[PDB]
Each structure stands twice: as structure tokens, then as C-alpha cells.
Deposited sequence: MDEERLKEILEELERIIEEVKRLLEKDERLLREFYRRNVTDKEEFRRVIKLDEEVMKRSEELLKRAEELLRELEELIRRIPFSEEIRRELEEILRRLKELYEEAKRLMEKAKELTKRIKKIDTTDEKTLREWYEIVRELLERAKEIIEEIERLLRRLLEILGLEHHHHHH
């Protein structure tokens, strides 16, 4: 197909990662506000967190589908050996990062499930410590995905 489909896919992937970043920052803010302060207030922050997780998992499945589409079109386009190898290296790194994000979201879901089973400051602290590190790793993954998508637009000459 054309290079315009390549651009449209890369742009939709960019919009997804930007929405994912917004959602992660909202969840970080609500978790910080709770800890900087109540039992029903925790039920509240946990419910809003679980909603961010749902949206984030939907956006990931959408991004993985668009990546498969990008890989297929790049395969169909008769690129030079050098450009193909460059594009393929980047696509493999992106597949690794999307896999890392899925595993991180699984850990976050398990952690939320475990905390819902408890009444306690020490427990809430240990839990906030794990959540901070996961959110920080998530931010790192999103930033690298954003950079790699820009590299692709650049290697293709679409930026």
C-alpha cells in the first residue's frame, strides 16, 4: 500500500501513547492526593485506578493491532536492504516494549487485587512504593515508544 497509510498508522499510535501518558499522570495524581491526606476514600481511588487500567489495556490492544498492520505494510513495500534492517530493528524493539507494558499492567492489576483484600499504614506504604516504581517504569516505556515512533517517521521521511 501507500506511504500515506504508513503515516496514518504511526500518527494513530502516537495519539494512543499520548492518551496513555495522560491517564497515567491522572492516576499518579489521585494516588499522591490520597497518600498526602479514610476507608471509602481508598475504595474511591482504587475504583478510578481500575478504570484507568481498563482504558490503558484497551489502548494497548489497539496499538498492538496497528503495529501488526505497520509490520505488514513495511513488508509489502520494496525498501532497500539498509532501510529495511533499520525499520525492522525498531519494530522488534517496539514489540518488546509493548510486551513489557502488558506484563507491567498484569503486575499492577495483581497488586490492586491484593490491596483490596486488606484493611494499616505500613501495608499502604509498601503498596505505594511498588506502585511508584511501576508507574515510573511505565513512563520510561511510553517515552521510549514515543522516541522510536518518531525515529520511524524520520527514517521513512514522513516527518
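inquiry  = Relative to the deposited sequence, which regions have no modelled C-alpha positions in the structure?
reply    = Missing CA coords at 38-40, 123-124, 165-170.
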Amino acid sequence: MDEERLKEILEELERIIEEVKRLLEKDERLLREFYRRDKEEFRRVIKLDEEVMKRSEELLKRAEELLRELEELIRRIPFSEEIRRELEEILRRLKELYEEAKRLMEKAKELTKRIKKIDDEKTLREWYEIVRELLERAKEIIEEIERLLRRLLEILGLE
From here on, numbers count along this sequence of modelled residues.
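task = Look over 46-54 and 106-114 in the entry and identify the one with the greater average Cα temperature factor.
result = For C-alpha atoms only, the mean B-factor is higher in 46-54.
inquiry  = If you average the CA temperature factors as listed in the entry, which stretch comes out higher, 134-142 or 21-29?
reply    = The stretch with the larger mean CA B-factor is 21-29.
Identity of residue with top Cα B-factor, from 68, 62, 125, 95 = If I rank 68, 62, 125, 95 by C-alpha B-factor, first place goes to 125.
request  = Using the B-factor values recorded in the entry, state whether the Cα atom of residue 81 falls in the lowest, middle or highest third among the modelled residues of its chain.
outcome  = Top third by C-alpha B-factor.
ask   = Which third, lowest, middle or highest, does the CA B-factor of residue 87 fall in along this chain?
value = For residue 87, whose C-alpha B-factor we compare with every modelled residue in the chain, the answer is the lowest third.
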